[PDB]
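Everything below belongs to upload-v8.pdb, which stores PDB, C-alpha atoms and all ligand atoms.
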```pdb
MODEL        1
ATOM      1  CA  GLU A  16     -10.051   6.075  14.987  1.00  0.00           C
ATOM      2  CA  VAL A  17      -6.773   6.263  16.935  1.00  0.00           C
ATOM      3  CA  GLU A  18      -6.436   4.666  20.370  1.00  0.00           C
ATOM      4  CA  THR A  19      -3.728   5.800  22.799  1.00  0.00           C
ATOM      5  CA  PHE A  20      -2.322   3.411  25.431  1.00  0.00           C
ATOM      6  CA  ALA A  21       0.166   3.871  28.252  1.00  0.00           C
ATOM      7  CA  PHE A  22       3.172   1.577  28.339  1.00  0.00           C
ATOM      8  CA  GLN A  23       3.452  -0.595  31.409  1.00  0.00           C
ATOM      9  CA  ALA A  24       5.899   1.028  33.818  1.00  0.00           C
ATOM     10  CA  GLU A  25       8.616  -1.611  33.347  1.00  0.00           C
ATOM     11  CA  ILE A  26       8.448  -1.236  29.564  1.00  0.00           C
ATOM     12  CA  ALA A  27       8.703   2.563  29.653  1.00  0.00           C
ATOM     13  CA  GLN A  28      11.715   2.134  31.949  1.00  0.00           C
ATOM     14  CA  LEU A  29      13.342  -0.288  29.513  1.00  0.00           C
ATOM     15  CA  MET A  30      12.719   2.188  26.703  1.00  0.00           C
ATOM     16  CA  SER A  31      14.396   5.086  28.495  1.00  0.00           C
ATOM     17  CA  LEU A  32      17.357   2.941  29.507  1.00  0.00           C
ATOM     18  CA  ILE A  33      17.809   2.121  25.813  1.00  0.00           C
ATOM     19  CA  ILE A  34      17.437   5.787  24.837  1.00  0.00           C
ATOM     20  CA  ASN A  35      19.545   7.359  27.612  1.00  0.00           C
ATOM     21  CA  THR A  36      22.358   4.881  28.348  1.00  0.00           C
ATOM     22  CA  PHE A  37      25.622   5.718  26.623  1.00  0.00           C
ATOM     23  CA  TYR A  38      26.290   2.645  24.467  1.00  0.00           C
ATOM     24  CA  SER A  39      28.156   2.797  21.159  1.00  0.00           C
ATOM     25  CA  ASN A  40      27.410  -0.643  19.665  1.00  0.00           C
ATOM     26  CA  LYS A  41      24.056   0.489  18.250  1.00  0.00           C
ATOM     27  CA  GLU A  42      24.168  -1.727  15.132  1.00  0.00           C
ATOM     28  CA  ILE A  43      22.821  -4.792  16.981  1.00  0.00           C
ATOM     29  CA  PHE A  44      19.294  -3.400  16.439  1.00  0.00           C
ATOM     30  CA  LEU A  45      19.283  -4.812  12.899  1.00  0.00           C
ATOM     31  CA  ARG A  46      20.232  -8.286  14.109  1.00  0.00           C
ATOM     32  CA  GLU A  47      17.459  -8.200  16.719  1.00  0.00           C
ATOM     33  CA  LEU A  48      14.708  -7.133  14.297  1.00  0.00           C
ATOM     34  CA  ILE A  49      15.858  -9.640  11.659  1.00  0.00           C
ATOM     35  CA  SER A  50      15.871 -12.375  14.292  1.00  0.00           C
ATOM     36  CA  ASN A  51      12.317 -11.448  15.333  1.00  0.00           C
ATOM     37  CA  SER A  52      11.235 -11.635  11.694  1.00  0.00           C
ATOM     38  CA  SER A  53      12.918 -15.033  11.347  1.00  0.00           C
ATOM     39  CA  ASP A  54      10.993 -16.226  14.431  1.00  0.00           C
ATOM     40  CA  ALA A  55       7.684 -15.078  12.924  1.00  0.00           C
ATOM     41  CA  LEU A  56       8.540 -16.785   9.639  1.00  0.00           C
ATOM     42  CA  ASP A  57       9.258 -20.009  11.548  1.00  0.00           C
ATOM     43  CA  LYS A  58       5.830 -19.693  13.170  1.00  0.00           C
ATOM     44  CA  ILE A  59       3.853 -19.470   9.934  1.00  0.00           C
ATOM     45  CA  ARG A  60       5.940 -22.179   8.254  1.00  0.00           C
ATOM     46  CA  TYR A  61       5.195 -24.533  11.135  1.00  0.00           C
ATOM     47  CA  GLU A  62       1.437 -23.888  10.938  1.00  0.00           C
ATOM     48  CA  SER A  63       1.508 -24.373   7.156  1.00  0.00           C
ATOM     49  CA  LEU A  64       3.010 -27.856   7.686  1.00  0.00           C
ATOM     50  CA  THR A  65      -0.324 -29.260   8.869  1.00  0.00           C
ATOM     51  CA  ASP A  66      -2.598 -26.646   7.211  1.00  0.00           C
ATOM     52  CA  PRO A  67      -1.523 -25.478   3.729  1.00  0.00           C
ATOM     53  CA  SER A  68      -4.287 -22.836   3.456  1.00  0.00           C
ATOM     54  CA  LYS A  69      -2.515 -20.738   6.089  1.00  0.00           C
ATOM     55  CA  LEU A  70      -0.342 -19.661   3.127  1.00  0.00           C
ATOM     56  CA  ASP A  71      -3.233 -18.477   0.917  1.00  0.00           C
ATOM     57  CA  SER A  72      -2.263 -14.965   2.099  1.00  0.00           C
ATOM     58  CA  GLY A  73       1.315 -15.348   0.848  1.00  0.00           C
ATOM     59  CA  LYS A  74       3.425 -18.369  -0.057  1.00  0.00           C
ATOM     60  CA  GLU A  75       6.692 -16.394  -0.001  1.00  0.00           C
ATOM     61  CA  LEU A  76       8.693 -16.429   3.252  1.00  0.00           C
ATOM     62  CA  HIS A  77      11.288 -13.675   3.132  1.00  0.00           C
ATOM     63  CA  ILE A  78      12.776 -10.580   4.759  1.00  0.00           C
ATOM     64  CA  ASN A  79      13.293  -7.290   2.916  1.00  0.00           C
ATOM     65  CA  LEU A  80      15.449  -4.363   4.043  1.00  0.00           C
ATOM     66  CA  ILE A  81      14.308  -1.077   2.517  1.00  0.00           C
ATOM     67  CA  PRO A  82      16.282   2.146   3.132  1.00  0.00           C
ATOM     68  CA  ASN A  83      14.674   5.445   2.140  1.00  0.00           C
ATOM     69  CA  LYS A  84      16.991   8.461   2.369  1.00  0.00           C
ATOM     70  CA  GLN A  85      14.332  11.068   1.548  1.00  0.00           C
ATOM     71  CA  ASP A  86      12.064   9.922   4.415  1.00  0.00           C
ATOM     72  CA  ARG A  87      15.002   8.888   6.660  1.00  0.00           C
ATOM     73  CA  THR A  88      13.420   5.484   7.302  1.00  0.00           C
ATOM     74  CA  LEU A  89      14.742   1.938   7.433  1.00  0.00           C
ATOM     75  CA  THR A  90      11.916  -0.566   6.931  1.00  0.00           C
ATOM     76  CA  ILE A  91      12.163  -4.265   7.836  1.00  0.00           C
ATOM     77  CA  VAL A  92       9.464  -6.334   6.106  1.00  0.00           C
ATOM     78  CA  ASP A  93       8.757 -10.010   6.731  1.00  0.00           C
ATOM     79  CA  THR A  94       5.948 -12.279   5.524  1.00  0.00           C
ATOM     80  CA  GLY A  95       5.748 -14.112   8.831  1.00  0.00           C
ATOM     81  CA  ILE A  96       2.673 -14.957  10.887  1.00  0.00           C
ATOM     82  CA  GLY A  97       2.010 -11.295  11.727  1.00  0.00           C
ATOM     83  CA  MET A  98       0.281  -9.945  14.781  1.00  0.00           C
ATOM     84  CA  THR A  99      -3.310  -9.547  15.952  1.00  0.00           C
ATOM     85  CA  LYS A 100      -4.515  -6.311  17.537  1.00  0.00           C
ATOM     86  CA  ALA A 101      -4.400  -7.915  20.997  1.00  0.00           C
ATOM     87  CA  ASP A 102      -0.806  -8.974  20.231  1.00  0.00           C
ATOM     88  CA  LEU A 103       0.152  -5.408  19.332  1.00  0.00           C
ATOM     89  CA  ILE A 104      -1.371  -4.020  22.531  1.00  0.00           C
ATOM     90  CA  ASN A 105       0.230  -6.805  24.598  1.00  0.00           C
ATOM     91  CA  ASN A 106       3.760  -5.460  24.024  1.00  0.00           C
ATOM     92  CA  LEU A 107       3.958  -6.658  20.394  1.00  0.00           C
ATOM     93  CA  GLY A 108       3.573 -10.330  21.217  1.00  0.00           C
ATOM     94  CA  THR A 109       6.377 -10.371  23.836  1.00  0.00           C
ATOM     95  CA  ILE A 110       6.472 -11.117  27.564  1.00  0.00           C
ATOM     96  CA  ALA A 111       8.013  -7.686  27.991  1.00  0.00           C
ATOM     97  CA  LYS A 112       7.247  -7.367  31.719  1.00  0.00           C
ATOM     98  CA  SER A 113       9.242 -10.402  32.865  1.00  0.00           C
ATOM     99  CA  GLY A 114      11.865 -10.130  30.128  1.00  0.00           C
ATOM    100  CA  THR A 115      12.681  -6.570  31.157  1.00  0.00           C
ATOM    101  CA  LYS A 116      12.978  -7.678  34.799  1.00  0.00           C
ATOM    102  CA  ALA A 117      15.419 -10.442  33.854  1.00  0.00           C
ATOM    103  CA  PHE A 118      17.211  -8.142  31.390  1.00  0.00           C
ATOM    104  CA  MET A 119      17.877  -5.411  33.948  1.00  0.00           C
ATOM    105  CA  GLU A 120      18.952  -7.873  36.634  1.00  0.00           C
ATOM    106  CA  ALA A 121      21.431  -9.226  34.076  1.00  0.00           C
ATOM    107  CA  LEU A 122      22.748  -5.732  33.317  1.00  0.00           C
ATOM    108  CA  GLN A 123      23.702  -5.375  36.965  1.00  0.00           C
ATOM    109  CA  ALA A 124      25.423  -8.794  36.766  1.00  0.00           C
ATOM    110  CA  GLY A 125      27.817  -8.554  33.808  1.00  0.00           C
ATOM    111  CA  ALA A 126      25.450  -8.155  30.841  1.00  0.00           C
ATOM    112  CA  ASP A 127      25.425  -5.361  28.276  1.00  0.00           C
ATOM    113  CA  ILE A 128      22.646  -4.029  26.062  1.00  0.00           C
ATOM    114  CA  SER A 129      23.662  -6.242  23.125  1.00  0.00           C
ATOM    115  CA  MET A 130      22.288  -9.295  24.979  1.00  0.00           C
ATOM    116  CA  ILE A 131      18.727  -7.856  24.938  1.00  0.00           C
ATOM    117  CA  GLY A 132      17.563 -10.542  22.494  1.00  0.00           C
ATOM    118  CA  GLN A 133      18.168 -13.302  25.051  1.00  0.00           C
ATOM    119  CA  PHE A 134      15.346 -11.776  27.142  1.00  0.00           C
ATOM    120  CA  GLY A 135      12.679 -11.521  24.442  1.00  0.00           C
ATOM    121  CA  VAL A 136      12.552  -7.721  24.219  1.00  0.00           C
ATOM    122  CA  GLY A 137      14.954  -7.298  21.306  1.00  0.00           C
ATOM    123  CA  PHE A 138      12.402  -5.226  19.379  1.00  0.00           C
ATOM    124  CA  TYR A 139      12.897  -2.248  21.709  1.00  0.00           C
ATOM    125  CA  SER A 140      16.536  -1.997  20.649  1.00  0.00           C
ATOM    126  CA  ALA A 141      14.970  -0.243  17.635  1.00  0.00           C
ATOM    127  CA  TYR A 142      15.095   2.936  19.756  1.00  0.00           C
ATOM    128  CA  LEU A 143      18.883   2.829  19.804  1.00  0.00           C
ATOM    129  CA  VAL A 144      18.650   4.388  16.326  1.00  0.00           C
ATOM    130  CA  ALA A 145      15.004   5.446  15.795  1.00  0.00           C
ATOM    131  CA  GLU A 146      13.212   8.419  17.305  1.00  0.00           C
ATOM    132  CA  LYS A 147       9.884   6.914  16.178  1.00  0.00           C
ATOM    133  CA  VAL A 148       8.815   3.392  15.201  1.00  0.00           C
ATOM    134  CA  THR A 149       5.739   2.309  13.200  1.00  0.00           C
ATOM    135  CA  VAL A 150       4.731  -1.380  13.089  1.00  0.00           C
ATOM    136  CA  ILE A 151       2.317  -2.369  10.316  1.00  0.00           C
ATOM    137  CA  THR A 152       1.150  -5.956  10.698  1.00  0.00           C
ATOM    138  CA  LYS A 153      -1.460  -8.367   9.356  1.00  0.00           C
ATOM    139  CA  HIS A 154      -2.319 -11.743  10.890  1.00  0.00           C
ATOM    140  CA  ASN A 155      -4.573 -14.348   9.230  1.00  0.00           C
ATOM    141  CA  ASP A 156      -7.143 -14.115  12.056  1.00  0.00           C
ATOM    142  CA  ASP A 157      -7.413 -10.274  12.131  1.00  0.00           C
ATOM    143  CA  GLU A 158      -7.230  -7.016  10.151  1.00  0.00           C
ATOM    144  CA  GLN A 159      -4.268  -4.807   9.257  1.00  0.00           C
ATOM    145  CA  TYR A 160      -3.228  -2.561  12.158  1.00  0.00           C
ATOM    146  CA  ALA A 161      -0.668   0.197  12.697  1.00  0.00           C
ATOM    147  CA  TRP A 162       1.207   0.449  16.005  1.00  0.00           C
ATOM    148  CA  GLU A 163       3.210   3.641  16.545  1.00  0.00           C
ATOM    149  CA  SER A 164       5.330   5.107  19.324  1.00  0.00           C
ATOM    150  CA  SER A 165       7.865   7.877  19.908  1.00  0.00           C
ATOM    151  CA  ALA A 166       8.454   6.661  23.481  1.00  0.00           C
ATOM    152  CA  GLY A 167       7.456   9.205  26.103  1.00  0.00           C
ATOM    153  CA  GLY A 168       5.288   6.628  27.855  1.00  0.00           C
ATOM    154  CA  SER A 169       2.606   5.959  25.238  1.00  0.00           C
ATOM    155  CA  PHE A 170       1.822   4.231  21.948  1.00  0.00           C
ATOM    156  CA  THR A 171      -1.107   4.357  19.533  1.00  0.00           C
ATOM    157  CA  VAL A 172      -2.965   1.670  17.600  1.00  0.00           C
ATOM    158  CA  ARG A 173      -5.170   2.320  14.578  1.00  0.00           C
ATOM    159  CA  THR A 174      -6.675   0.404  11.703  1.00  0.00           C
ATOM    160  CA  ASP A 175      -4.234   0.757   8.826  1.00  0.00           C
ATOM    161  CA  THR A 176      -5.825   1.877   5.549  1.00  0.00           C
ATOM    162  CA  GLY A 177      -2.446   1.861   3.791  1.00  0.00           C
ATOM    163  CA  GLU A 178      -1.218  -0.691   1.261  1.00  0.00           C
ATOM    164  CA  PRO A 179      -2.640  -4.191   1.902  1.00  0.00           C
ATOM    165  CA  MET A 180       0.147  -6.518   3.032  1.00  0.00           C
ATOM    166  CA  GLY A 181      -1.487  -9.950   2.860  1.00  0.00           C
ATOM    167  CA  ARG A 182       0.352 -11.363   5.903  1.00  0.00           C
ATOM    168  CA  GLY A 183       3.433 -10.373   7.896  1.00  0.00           C
ATOM    169  CA  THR A 184       4.912  -7.382   9.661  1.00  0.00           C
ATOM    170  CA  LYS A 185       6.605  -4.131   8.688  1.00  0.00           C
ATOM    171  CA  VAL A 186       8.823  -2.122  11.061  1.00  0.00           C
ATOM    172  CA  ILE A 187       9.409   1.451   9.908  1.00  0.00           C
ATOM    173  CA  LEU A 188      12.356   3.027  11.770  1.00  0.00           C
ATOM    174  CA  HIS A 189      12.269   6.820  11.572  1.00  0.00           C
ATOM    175  CA  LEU A 190      16.016   7.228  12.170  1.00  0.00           C
ATOM    176  CA  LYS A 191      17.585   9.830  14.435  1.00  0.00           C
ATOM    177  CA  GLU A 192      19.359  12.624  12.577  1.00  0.00           C
ATOM    178  CA  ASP A 193      22.839  11.331  13.523  1.00  0.00           C
ATOM    179  CA  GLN A 194      22.111   7.657  12.684  1.00  0.00           C
ATOM    180  CA  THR A 195      21.798   7.964   8.886  1.00  0.00           C
ATOM    181  CA  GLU A 196      24.685   5.516   8.325  1.00  0.00           C
ATOM    182  CA  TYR A 197      22.136   2.680   8.544  1.00  0.00           C
ATOM    183  CA  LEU A 198      20.617   3.935   5.277  1.00  0.00           C
ATOM    184  CA  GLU A 199      23.854   3.299   3.350  1.00  0.00           C
ATOM    185  CA  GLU A 200      24.024   0.153   1.235  1.00  0.00           C
ATOM    186  CA  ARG A 201      27.536  -0.815   2.296  1.00  0.00           C
ATOM    187  CA  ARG A 202      26.885  -0.340   6.040  1.00  0.00           C
ATOM    188  CA  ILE A 203      23.660  -2.399   6.091  1.00  0.00           C
ATOM    189  CA  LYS A 204      25.384  -5.126   4.070  1.00  0.00           C
ATOM    190  CA  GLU A 205      28.271  -5.249   6.557  1.00  0.00           C
ATOM    191  CA  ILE A 206      25.897  -5.604   9.526  1.00  0.00           C
ATOM    192  CA  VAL A 207      23.847  -8.342   7.840  1.00  0.00           C
ATOM    193  CA  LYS A 208      27.016 -10.320   7.098  1.00  0.00           C
ATOM    194  CA  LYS A 209      28.398  -9.802  10.616  1.00  0.00           C
ATOM    195  CA  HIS A 210      25.280 -10.790  12.590  1.00  0.00           C
ATOM    196  CA  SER A 211      22.635 -12.418  10.350  1.00  0.00           C
ATOM    197  CA  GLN A 212      24.635 -14.617   7.990  1.00  0.00           C
ATOM    198  CA  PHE A 213      22.875 -17.864   9.006  1.00  0.00           C
ATOM    199  CA  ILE A 214      19.247 -16.666   8.937  1.00  0.00           C
ATOM    200  CA  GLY A 215      17.268 -19.356   7.138  1.00  0.00           C
ATOM    201  CA  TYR A 216      15.301 -16.928   4.956  1.00  0.00           C
ATOM    202  CA  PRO A 217      16.407 -14.778   2.003  1.00  0.00           C
ATOM    203  CA  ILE A 218      17.262 -11.224   3.058  1.00  0.00           C
ATOM    204  CA  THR A 219      16.993  -8.790   0.167  1.00  0.00           C
ATOM    205  CA  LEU A 220      18.574  -5.363   0.589  1.00  0.00           C
ATOM    206  CA  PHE A 221      16.663  -2.940  -1.652  1.00  0.00           C
ATOM    207  CA  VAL A 222      18.581  -0.136  -3.360  1.00  0.00           C
ATOM    208  CA  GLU A 223      17.500   3.443  -4.127  1.00  0.00           C
ATOM    209  CA  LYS A 224      17.482   5.613  -7.266  1.00  0.00           C
TER
HETATM  210  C1  LIG B 301      10.798  -6.906  16.097  1.00  0.00           C
HETATM  211  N1  LIG B 301      10.467  -6.394  14.748  1.00  0.00           N
HETATM  212  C2  LIG B 301      11.169  -7.165  13.688  1.00  0.00           C
HETATM  213  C3  LIG B 301       8.981  -6.330  14.525  1.00  0.00           C
HETATM  214  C4  LIG B 301       8.278  -7.648  14.615  1.00  0.00           C
HETATM  215  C5  LIG B 301       8.264  -8.603  13.604  1.00  0.00           C
HETATM  216  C6  LIG B 301       7.593  -9.798  13.784  1.00  0.00           C
HETATM  217  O1  LIG B 301       7.656 -10.674  12.736  1.00  0.00           O
HETATM  218  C7  LIG B 301       6.897 -10.034  14.964  1.00  0.00           C
HETATM  219  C8  LIG B 301       6.889  -9.088  15.977  1.00  0.00           C
HETATM  220  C9  LIG B 301       7.569  -7.904  15.783  1.00  0.00           C
HETATM  221 BR1  LIG B 301       7.556  -6.560  17.135  1.00  0.00          BR
ENDMDL
END
```

Rewrite the structure of this file - the entire thing - as structure tokens.
Amino acid sequence: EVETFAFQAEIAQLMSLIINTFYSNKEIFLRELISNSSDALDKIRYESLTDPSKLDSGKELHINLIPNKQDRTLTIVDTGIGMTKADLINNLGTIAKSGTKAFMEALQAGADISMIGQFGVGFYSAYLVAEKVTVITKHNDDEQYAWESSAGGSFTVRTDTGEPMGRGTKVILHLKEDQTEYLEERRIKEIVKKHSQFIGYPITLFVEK
């Protein structure tokens, strides 16, 4: 069972601005996704402070970076609070309608695309380097769902029968053919050190055979 939804107009517009605007500093995507994972890890740590059993689905709070050269995917895994189905449909838990409005007004007033995270829609920077994005997520109060979009004005949501995650969120970036540099160990490591060096969670860069 696969449901297909239209993006709100303002979100589709933000997505095509990100895809079409000439802008060379594409590496900020990794900082924005990592920062979103860190925010979701803060959220489940804070709930665990008064209710320990919110960690029965995973005591470990971490972020993993997993490049796969055969599939041409970069996967960002976190064991944060995760997302309910309604969250996924509602622009992946963001206020994307009003953040895009403020983001685009800023762009006309001195801002550049690298400031997208200040307006809450940093996730969509994923499309600076990905032609398709898949978000697997599991929240304590809901089942495991798969969100998927290749832009073009729509996204799908389905129940994910893949590997149980326990709790957290997985962003699979199907990279564009000319963005494979973000699969290389030394290039990911440079970006993490440049932009994410004070994230309060361990970031493990997986290696490949
Ligand atoms: C924005 N990237 C990292 C996906 C994501 C992770 C979360 O932990 C929560 C929401 C989203 Br979308």

Taking only C-alpha atoms and all ligand atoms and a cut-off of 6 Å, can you tell me which residues surround ligand LIG 301 (chain B), written as a compact mmCIF listing (two decimals) with C-alpha atoms, in the coordinates of the input?
```
# COMPACT_ATOMS: atom_id res chain seq x y z
CA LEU A 48 14.71 -7.13 14.30
CA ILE A 49 15.86 -9.64 11.66
CA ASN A 51 12.32 -11.45 15.33
CA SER A 52 11.24 -11.64 11.69
CA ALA A 55 7.68 -15.08 12.92
CA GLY A 95 5.75 -14.11 8.83
CA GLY A 97 2.01 -11.30 11.73
CA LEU A 107 3.96 -6.66 20.39
CA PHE A 138 12.40 -5.23 19.38
CA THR A 184 4.91 -7.38 9.66
CA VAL A 186 8.82 -2.12 11.06
```

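Minimum atom-to-atom distance to residue 33 (chain A), evaluated using all atoms listed in the file, belongs to A:140 out of A:113, A:140, A:90, A:133.
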
(Q) Calculated over only C-alpha atoms, which of the candidates A:47, A:31, A:76, A:67 has the smallest distance to residue 216 (chain A)? (A)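 The closest residue to residue 216 (chain A) is A:76.
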
Using the file's own x, y and z axes, so that the box edges lie along x, y and z, what centre and edge lengths in Å (one decimal) does a box around every listed atom of region 56-74 of chain A get when 3 Å is added on each side? Give it as AutoDock Vina command-line options.
```
--center_x 2.5 --center_y -22.1 --center_z 6.6 --size_x 19.5 --size_y 20.3 --size_z 19.2
```

(Q) Here's a test: counting only C-alpha atoms, identify every protein, DNA and RNA residue with an atom at most 12 Å from (8.5, -10.2, 16.7) in the file's coordinate frame, and state them as number ranges by chain. (A) A: 47-58, 91-99, 102-103, 105-111, 132, 135-139, 141, 150-152, 183-186

Q. From the set A:19, A:211, A:36, A:176, which residue has the shortest atom-to-atom contact distance to residue 142 (chain A), counting all atoms listed in the file?
A. A:36

Q) What is the distance, in Å and to one decimal place, between CA of residue 59 (chain A) and CA of residue 206 (chain A)? A)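 Straight-line distance from CA of residue 59 (chain A) to CA of residue 206 (chain A) works out to 26.0 Å.
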
Q: Write out as a list in words which residues come within 12 Å of residue 195 (chain A) when counting all atoms listed in the file, dropping same-chain ones fewer than 5 positions away.
A: residues 42, 82, 83, 84, 85, 86, 87, 88, 89, 144, 145, 188, 189, 190, 200, 202 and 203 of chain A

Q: Would you translate the PyMOL selection byres (((chain A and resi 178) around 12) and not hetatm) into the concrete set of residues it matches in this file, as number ranges by chain?
A: A: 151-153, 159-161, 174-177, 179-182, 185

Q: Carefully work through the PyMOL selection byres (((chain A and resi 222) around 8) and not hetatm) for this structure and note down the residues it includes, as a list in words.
A: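 What the PyMOL selection byres (((chain A and resi 222) around 8) and not hetatm) grabs from the file is residues 81, 82, 200, 220, 221, 223 and 224 of chain A.
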
**Q.** Distance in Å - CA of residue 43 (chain A) versus CA of residue 207 (chain A)
**A.**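 Separation between CA of residue 43 (chain A) and CA of residue 207 (chain A): 9.9 Å.
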
**Q.** All residues 9 Å or closer to residue 24 (chain A), only C-alpha atoms, same chain fewer than 3 positions away omitted, as a list in words
**A.**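 That gives residues 21, 27, 28, 29, 112 and 168 of chain A.
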